[PDB]
Every structure is written in structure tokens, then in C-alpha cells.
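Have a look at the structure below before the remarks.
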Amino acid sequence: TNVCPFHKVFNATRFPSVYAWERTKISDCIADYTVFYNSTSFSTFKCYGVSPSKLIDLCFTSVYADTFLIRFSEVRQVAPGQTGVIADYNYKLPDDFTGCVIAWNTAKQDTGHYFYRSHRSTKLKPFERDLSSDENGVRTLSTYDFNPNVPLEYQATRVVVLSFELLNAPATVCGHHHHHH
Ligand SMILES: *[C@@H]1O[C@H](CO)[C@@H](O)[C@H](O)[C@H]1NC(C)=O
């Protein structure tokens with residue numbers, strides 16, 4: 001298997017709006033997570049259920065990459081069992097979450113009008129997506145203008161959620177060293 005398509009996911013011209021986040025299936029690859037933790041580009045790299053350090057030793061049966069665009073202020077909501085407009089009405093990470101979250105501040109590039117759900121009748125189920133714009137005829141989706149000139153807690157920020165499972169089925173996405181190194 002050839003190397004894992006991270007640059008094609010990460011350095012794409014556009015990231016989705018967060019209410020319409022997008023999944024990607026990754027398999028048959030040899031993953032190189034080295035790019036992340038650049039400390040001058042990746043401002044947040046935090047794993048749940050495994051050690052970011054232990055990613056280099058592990059093989060995964062299925063890896064999905066959920067992607068979207070929010071503000072710096074709201075990055076902290078992408079965590080198991082957190083509360084917020086994002087976690088309650090946009091993108092929900094399970095309580096039993098296994099995976100990583102990577103986030104970096106693309107403010108000078110991902111500029112424009114992006115959207116987010118502010119209100120919903122019920123909160124969200126884990127990993128559920130709601131692409132509806134109305135409830136009773138009112139727009140249920142409020143707007144972000146991302147600009148270079150807004151303060152940091154308010155700036156554009158791209159997020160990726162690598163969600164994997166270590167159960168049965170052929171082991172398909174293997175770190176550079178799943179041969180006991
Ligand atoms: C880390 O980020 C900087 C940002 O300018 C980039 O130049 C560099 O190539 C990245 N990583 C490496 C492998 O040096």
C-alpha cells in the first residue's frame with residue numbers, strides 16, 4: 001500500500017461549512033502523521049483513546065476524516081461530552097470517542113460567508129448531520145463572516161476529526177511501524 005492522502009484532504013482550497021461537514025474514507029494506506037504537530041501551523045493536535053505518540057505503532061481497520069470550518073473560540077467544543085452550539089447543533093463527537101482532532105488557523109485564506117446551526121428542536125446524536133435550512137419557514141442557519149481582520153478567538157479555523165476503530169476486519173491503515181517498533 002502507498003502513503004496516506006493527508007495533503008489532499010488538508011490543503012484543499014475549500015473546507016465545508018460546519019453544519020454540512022464532510023466525511024472521507026481512508027484505507028489501504030501507510031499513514032504519515034508527521035506533518036501535524038508542526039507547532040507553527042498545527043495549533044491543536046489532541047487524541048482520545050490513544051496516545052498521539054502511539055499512532056506511529058498502530059494499525060486501524062477503518063479511518064474516517066470529518067472536515068469543517070469554525071472559529072478559534074469554538075475549536076474546544078470538538079471533544080467528547082462538551083457543550084456548545086457546535087456540539088449541540090452542528091457536529092457531535094461520541095462519548096466513547098476513539099480518534100484524534102487536528103486544527104489549524106487558515107484565516108488568511110478560508111475567507112467568506114460560512115454557516116452554522118444556532119437552534120434546533122433537539123440536540124444532535126453523535127456524528128449525525130442535519131442539512132435542513134428551515135423549520136417552520138424560518139432560516140435555522142446563522143452566518144459567520146470570516147475575515148483576516150477579526151481578533152483571534154473569532155478567526156477562521158479548519159478542523160479534521162480522524163475517527164477509527166480497532167476491532168475485527170482486515171487491518172488496512174497502518175502507521176509507519178506496526179511491526180513491533
Ligand atoms: C512546518 O511548518 C512550516 C511553516 O512555514 C513549513 O515551512 C515546514 O516545512 C513545516 N514542516 C517541516 C517538515 O519543516
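Every chain in the C-alpha cells takes a letter, A first, then B, and so on in the order presented; its residues are numbered from 1, and the ligands are numbered from 1 following the presented order.
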_Selection within 12 Å of ligand 1 by only C-alpha atoms and all ligand atoms, output as a VMD selection string_ = chain A and resid 32 to 43 104
Go through stretch 122-146 of chain A residue by residue and, counting only C-alpha atoms, keep those with an atom at most 10 Å from stretch 109-118 of chain A; for each kept residue give the shortest atom pair and its distance in Å to one decimal, ordered by chain and increasing number, as a Markdown table.
```
| residue | atom | partner | partner_atom | distance |
| --- | --- | --- | --- | --- |
| A:130 | CA | A:117 | CA | 9.0 |
| A:131 | CA | A:117 | CA | 9.5 |
| A:132 | CA | A:117 | CA | 9.4 |
| A:133 | CA | A:117 | CA | 8.6 |
| A:139 | CA | A:117 | CA | 9.4 |
| A:140 | CA | A:117 | CA | 6.2 |
| A:141 | CA | A:117 | CA | 4.5 |
| A:142 | CA | A:116 | CA | 5.5 |
| A:143 | CA | A:115 | CA | 4.6 |
| A:144 | CA | A:114 | CA | 5.2 |
| A:145 | CA | A:113 | CA | 4.7 |
| A:146 | CA | A:111 | CA | 5.1 |
```
May I have the residues from that selection written out with C-alpha atoms, as a compact mmCIF listing (two decimals), in the first residue's frame?
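Final output, out-v9.txt:
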```
# COMPACT_ATOMS: atom_id res chain seq x y z
CA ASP A 130 -28.62 17.86 9.61
CA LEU A 131 -28.65 19.57 6.21
CA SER A 132 -32.04 21.27 6.69
CA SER A 133 -32.30 25.04 6.38
CA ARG A 139 -33.95 30.05 8.36
CA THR A 140 -32.43 27.85 11.05
CA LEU A 141 -28.85 28.61 9.94
CA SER A 142 -26.91 31.66 11.11
CA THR A 143 -23.85 33.13 9.43
CA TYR A 144 -20.08 33.65 10.02
CA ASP A 145 -18.13 36.23 8.07
CA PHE A 146 -14.53 35.08 8.31
```
*Within 8 Å of stretch 55-64 of chain A, counting only C-alpha atoms, which residues show up once you throw out same-chain ones fewer than 5 positions away? Write them as a list in words, please.*
residues 23, 24, 25, 26, 27, 33, 50, 161, 162, 163, 164, 165, 166, 167, 168, 169, 170, 171, 172, 173, 174, 175, 176, 177, 178, 179, 180 and 181 of chain A
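Considering only C-alpha atoms, the residue among A:67, A:121, A:149, A:1 positioned nearest to residue A:30 is A:1.
Taking only chain A, the residues that DSSP calls alpha helix (DSSP H) from the backbone come to residues 7, 8, 9, 10, 85, 86, 87, 88 and 89 of chain A.
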*asked:* Show me, as an MDAnalysis selection string, the residues that have an atom within 9 Å of residue A:122 when counting only C-alpha atoms, minus same-chain residues fewer than 3 positions from it.
replied: chainID A and resid 88:89 119
_Let's see if you can do this: from backbone DSSP, list all strand (DSSP E or B) residues in chain A, as a ChimeraX atom specification._
/A:3,17,22,25-26,29-31,44-48,59-60,63-71,99-104,112-117,134,139,141-146,156-164,173-175
*asked:* Could you list, as a VMD selection string, every residue within 12 Å of residue A:13, counting only C-alpha atoms and ignoring same-chain residues fewer than 3 positions away?
replied: chain A and resid 7 to 10 16 106 109 to 111 158
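Nearest-residue note for residue A:83: choosing from A:123, A:52, A:148, A:6, the minimum distance belongs to A:123, counting only C-alpha atoms.
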*Neighbour list for residue A:75 as a PyMOL selection string, cut-off 10 Å, only C-alpha atoms, skip fewer than 2 positions in-chain*: chain A and resi 44+69-73+77-79+86+101-104+153+157-159
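With distances taken over only C-alpha atoms, A:93 is the one residue among A:155, A:138, A:93, A:12 lying closest to residue A:66.
Between atom CA of residue A:120 and atom CA of residue A:68 the separation is 19.2 Å.
With atom CA of residue A:125 on one side and atom CA of residue A:105 on the other, the separation reads 27.2 Å.
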